[PDB]
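Student: Going line by line, the protein sequences match chains A, B, C, D, E, F and G. Each number in UniProt numbering corresponds to the 1-based position in the first sequence with 1 added. Each number in UniProt numbering corresponds to the 1-based position in the second sequence with 2 added. Each number in UniProt numbering corresponds to the 1-based position in the third sequence with 1 added. Each number in UniProt numbering corresponds to the 1-based position in the fourth sequence with 1 added. Each number in UniProt numbering corresponds to the 1-based position in the fifth sequence with 3 added. Each number in UniProt numbering corresponds to the 1-based position in the sixth sequence with 1 added. Each number in UniProt numbering corresponds to the 1-based position in the seventh sequence with 1 added. I have a structure I would like to understand better, so I am pasting it below and will then ask my questions one at a time.
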Amino acid sequence: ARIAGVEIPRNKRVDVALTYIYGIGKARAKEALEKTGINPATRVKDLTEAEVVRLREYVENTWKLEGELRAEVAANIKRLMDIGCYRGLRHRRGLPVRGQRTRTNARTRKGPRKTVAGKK
Amino acid sequence: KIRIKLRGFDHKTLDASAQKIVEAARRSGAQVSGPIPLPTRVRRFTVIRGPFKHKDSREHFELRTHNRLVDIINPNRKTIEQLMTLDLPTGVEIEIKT
Amino acid sequence: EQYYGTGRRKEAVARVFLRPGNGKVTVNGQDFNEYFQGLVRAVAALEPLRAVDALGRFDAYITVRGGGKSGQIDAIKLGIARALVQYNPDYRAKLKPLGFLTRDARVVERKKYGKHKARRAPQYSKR
Amino acid sequence: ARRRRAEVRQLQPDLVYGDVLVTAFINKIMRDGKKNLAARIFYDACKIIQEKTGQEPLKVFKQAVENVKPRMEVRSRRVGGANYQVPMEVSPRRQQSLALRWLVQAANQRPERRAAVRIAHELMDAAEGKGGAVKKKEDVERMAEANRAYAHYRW
Amino acid sequence: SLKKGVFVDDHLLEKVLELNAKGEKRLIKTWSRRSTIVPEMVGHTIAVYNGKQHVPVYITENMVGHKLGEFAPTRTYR
Amino acid sequence: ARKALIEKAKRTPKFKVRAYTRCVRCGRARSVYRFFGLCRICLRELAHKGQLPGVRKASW
Amino acid sequence: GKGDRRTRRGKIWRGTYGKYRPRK
RNA sequence: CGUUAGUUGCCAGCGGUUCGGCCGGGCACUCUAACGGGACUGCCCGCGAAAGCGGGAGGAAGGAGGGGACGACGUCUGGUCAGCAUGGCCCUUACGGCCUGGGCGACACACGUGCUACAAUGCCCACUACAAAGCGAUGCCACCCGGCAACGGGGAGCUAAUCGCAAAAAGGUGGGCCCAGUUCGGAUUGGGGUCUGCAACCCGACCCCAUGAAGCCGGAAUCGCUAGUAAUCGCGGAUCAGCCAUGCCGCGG
């Protein structure tokens, strides 16, 4: 059942299936299946096309989702380029931005590993 | 019925000096709700033995506050005879309550 | 009319009152199998009875505090034995072979400084 | 064990079949000291032995083991040259240790997703004699014999 | 991250405010990197100490939320 | 700079927070128990003399 | 488990409280 | 195991119970904590010249019952002048002193010690007294109301076997997920907040939403542990406004 943007989650419980949208977590799902009264337990497979529309229009007009987020969040960061706040050169340099160490670790933000040598 | 409490770091000179409040309110007095021991409260201190790096090897100190309780059921002044000033504590504290 | 023993095991203690009759056993305002419910080893606690054929021709009101369930089970087990030999002091020279009469000294041994966990020692590295 | 000969630790018999061997097996199954869930699995597996075969779960289990006990194995021993694997007869205590051990290990390799099933089928499969538990058993008997050249050391 | 006030050094605004009654100064210089930027106090150019020297940073709108030390970095070679 | 610092550890400080403890007989900044105002060192020292009342050598 | 703050066990471990672990 | 003692503990034994040990009533039991008893190779068999080794009863405990404190003469010209003390040498409008910022928190890299994991003997939600050490009257915070929550209003109680931190978690029972980088795992990042504090940019923790990474059990090496031990699960304290605690010291399941 196509919902946000283009998403076709299917054959799993809507509450989980809902998750497969950029902008839906287990939180925003619990809401939609109560502020639109749909059993979360039911598979998308067997699910009324009246319930799909109550959903599709709720979620899509309740909050900014999927690819708008993506392009906001992206433009939201290049904002921090601005004149050059700290988190600027940090995203700019690709190093941890939330004040954590860097002597060791920081492997998630620094891709894999680029190793070197030393001395005699 | 009269309430006095007795704290102390020393376990021997409490049961002793509060069997003094037993006898000096037994001789001159009457019926006794005996010495009952509240549980003790141990303040632990753990310290590394060395001035410098030696994170293992430490020593262990405690400061056990023994607590002993004593009440008696004849509030007369024919009891506050010795219990006026007839003192052999040293570092016991007293809490005379109502 | 009444017989009793004190069971203990690993900071867990059991007041155990025996009576003859029926087969019911009370523990802390609850039936046995509601308190020790779905805990396989519970039935061990009454192997004293099952030894001497006291079986369920006894009732037992048992309060118990200290520990966790499986300590209590062994504690009760000790009370049941320490009670029913206080009913029949001849009920001793048959609970010796099974040894249902021994406190079981095993308790949490102390955590030591410079270890991690009593015996567990921290990790070596050499180089 | 430089000093004594280590008194084999004696096991508290089973709360059901009153068998020491059973408990032993239950322990090997146990994980982080969760004897309860351990014994649930073994017993709830004994249930699967019934729903499928006529026989008493115990005599299944019991004879399933005896088919996984190895009679010979190889223990290494070097010299002033290289390391050689002398085939050694296997003492009764070690047989049990090994069968039971192997049983569980063999089991948790099986496909069916639920502990109780696997234990059961494996036990069942090893009673018949087609178990992958029994492979680890035939493999050692076969890994001796292959070194039969060296059973003139033996220590 | 605060919510009763914005905790900006008072000795800063006095300069700013009384520089905002016909005041055009660029030689404005501070050690108050701890202090939040404030509404449309733009246009000015605050030199901020990084621990070694003062940094000529021109203030725009958009950066209104942030603090002053976010523009005077305290190290070298990132 | 231990001295100008021990006679600043006593001064009532501009802003509450900047307040810190100190060995009374060490002038020592780190590991100063609140109950004694003593460094862990000067403490094992006194406890052994006997000049620390009721403080025993803990054993269990 | 013990590192997802939004689980009960992540809270228990972290030692905190909230939506995913409220105090009765 | 026994005495001594009854604002913690109960029909075990009886009457009221707004069925909460809450009110008289009671210390028997559990417990709280002082002093004692107890185990010694004493007794029976066996080998031995002896000390003692193999057994066996009695007994809660049997041969060091279990765990601590306790570290000989001395070695490493071991560590530490940065805890303190001290010989010498050195600066003494500065090698002393005060402040404001910055740094000890950097990051192509490399190792140590750990933490959380890679899931079904598992993860999620709901409901359910198992209670064994400690801390708290410039604090612990019941219980109210607002708030998804952090937390903020309000306010009871106890210098605390009496009141509070207290939920112990693994567990038991119910439902859900059905093998998938997943309802596994929670890294990174966007955003919106709370709190402590003069002040959280560098550099705080906590809540909530969104994001959801590497990780499918680890080469050659190599660590711990012999029984309430290892493994596993929570609990407290010290420092401390707060906290980068996954550390350390302890506690029990």
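For every residue, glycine included, the Cβ atom is placed at its ideal position computed from N, Cα and C.
By the criterion of Cβ-Cβ separation under 9 Å, what are the contact partners of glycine 115 of chain C in chain B?
Tutor: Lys57, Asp58, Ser59 and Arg60
Student: Name the chain B residues whose beta carbon is nearer than 7 Å to that of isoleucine 42 of chain F?
Tutor: In chain order: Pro53.
Student: So which residues on chain E does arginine 94 of chain A lean against when the C-beta distance must stay under 8 Å?
Tutor: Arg81
Student: Determine whether the beta carbon atoms of residue 1 of chain D and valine 69 of chain D lie at a separation below 8 Å.
Tutor: The structure shown does not extend to residue 1 of chain D, since chain D spans only 2 to 156, so no value can be given for it.
Student: What residues of chain E sit near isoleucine 78 of chain A, judged by a beta carbon separation below 7 Å?
Tutor: Going along chain E, no residue has its Cβ under 7 Å from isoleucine 78 of chain A, so there is no contact; the nearest lies around 13 Å.
Student: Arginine 10 of chain D to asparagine 40 of chain A, Cα distance in whole Å?
Tutor: 56 Å
Student: Take the Cβ of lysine 131 of chain D as the centre, count every other Cβ of all protein chains shown within 10 Å, and call the residue buried at 16 or more, exposed below.
Tutor: It is exposed - the Cβ of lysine 131 of chain D has fewer than 16 other Cβ atoms within 10 Å.
Student: Can you give me the C-alpha to C-alpha distance between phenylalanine 26 of chain D and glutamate 139 of chain D, rounded to a whole angstrom?
Tutor: 21 Å
Student: Please identify, using Cβ separations under 8 Å, the residues of the segment 31 to 58 of chain D that lie next to chain C, in order along the chain.
Tutor: Here the close residues are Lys36, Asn37, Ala40, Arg41 and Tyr44.
Student: Can you name, in chain order, every residue of its own chain whose Cβ lies under 8 Å from the Cβ of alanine 122 of chain C, other than the five neighbours on each side?
Tutor: Only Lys116 meet the Cβ criterion.
Student: Since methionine 86 of chain B sits in a beta bridge, which residues does DSSP pair it with?
Tutor: Looking at the DSSP assignment, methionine 86 of chain B forms no beta bridge with any residue, so it has no partner.
Student: Nearest CA to the CA of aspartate 75 of chain C: which residue from C/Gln87, C/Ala55 and C/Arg42?
Tutor: It is C/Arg42 whose Cα lies nearest to the Cα of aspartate 75 of chain C.
Student: Using 8 Å as the Cβ pair cut-off and three pairs as the minimum, do the segment 39 to 59 of chain B and the segment 76 to 92 of chain A touch?
Tutor: no
Student: Can a CB atom of chain F be found closer than 8 Å to the CB of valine 49 of chain B?
Tutor: By this cut-off, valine 49 of chain B is an interface position.
Student: Less than 8 Å between the C-beta atoms of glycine 67 of chain C and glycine 6 of chain C, yes or no?
Tutor: no
Student: Under the DSSP definition of a beta bridge, which residues are partnered with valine 49 of chain B?
Tutor: According to DSSP, residue pairing for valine 49 of chain B in a beta bridge involves B/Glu61.
Student: Starting from the beta carbon of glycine 51 of chain F, find every residue of chain B whose beta carbon is closer than 9 Å, and list them in chain order.
Tutor: Simply none; closest approach about 12 Å.
Student: Which residues of the segment 6 to 23 of chain D have a Cβ closer than 7 Å to any Cβ of chain C? Give them in chain order.
Tutor: Per Cβ criterion, the list reads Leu16.
Student: Leaving out five residues on either side along the sequence, give the residues of the same chain with a beta carbon under 6 Å from the beta carbon of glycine 72 of chain E.
Tutor: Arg36
Student: So, is the C-beta of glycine 93 of chain B closer than 8 Å to a C-beta in chain F?
Tutor: yes
Student: Is the Cβ-Cβ distance between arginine 10 of chain G and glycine 19 of chain G less than 8 Å?
Tutor: no
Student: Assuming contact is defined by CB atoms lying nearer than 8 Å, are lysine 99 of chain B and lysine 3 of chain B in contact in what I supplied?
Tutor: The criterion of a C-beta distance shorter than 8 Å is not satisfied by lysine 99 of chain B and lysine 3 of chain B.
Student: Does DSSP put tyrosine 21 of chain G in a helix, a strand or coil?
Tutor: Here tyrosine 21 of chain G sits in coil by DSSP.
Student: May I ask you to list the residues that DSSP assigns as paired with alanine 61 of chain C?
Tutor: C/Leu19 and C/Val26
Student: Please go through the same chain and pick out, in chain order, the residues whose beta-carbon is closer than 7 Å to the beta-carbon of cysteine 24 of chain F, but skip the five residues on each side of it.
Tutor: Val33, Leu39, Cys40 and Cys43
Student: Using DSSP with H/G/I as helix, E/B as strand and the rest coil, what is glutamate 74 of chain D?
Tutor: Annotated three-state conformation of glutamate 74 of chain D is strand, per DSSP.
Student: For a contact meaning CB atoms closer than 7 Å, what does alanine 45 of chain C contact in chain D?
Tutor: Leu16
Student: Touch check for the segment 82 to 95 of chain B and the segment 56 to 65 of chain B: three-plus C-beta pairs under 8 Å?
Tutor: no
Student: List the residues that DSSP assigns as beta-bridge partners of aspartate 73 of chain B.
Tutor: DSSP output for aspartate 73 of chain B lists B/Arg5 and B/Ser35 as bridge partner(s).
Student: Please confirm whether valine 41 of chain C has its beta-carbon closer than 8 Å to some beta-carbon of chain D.
Tutor: yes
Student: List, in order along the chain, the chain A residues whose C-beta lies closer than 8 Å to that of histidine 69 of chain E?
Tutor: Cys86
Student: What residues match up with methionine 89 of chain D in a beta bridge as DSSP calls it?
Tutor: D/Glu74
Student: Cβ closer than 8 Å: which chain A residues qualify as neighbours of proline 76 of chain E?
Tutor: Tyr87 and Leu90
Student: Is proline 21 of chain C buried or exposed, if buried means 16 or more other CB atoms sit within 10 Å of its CB?
Tutor: exposed
Student: Excluding the 5 residues flanking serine 71 of chain C on each side, which residues of the same chain have their C-beta closer than 7 Å to its C-beta?
Tutor: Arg42
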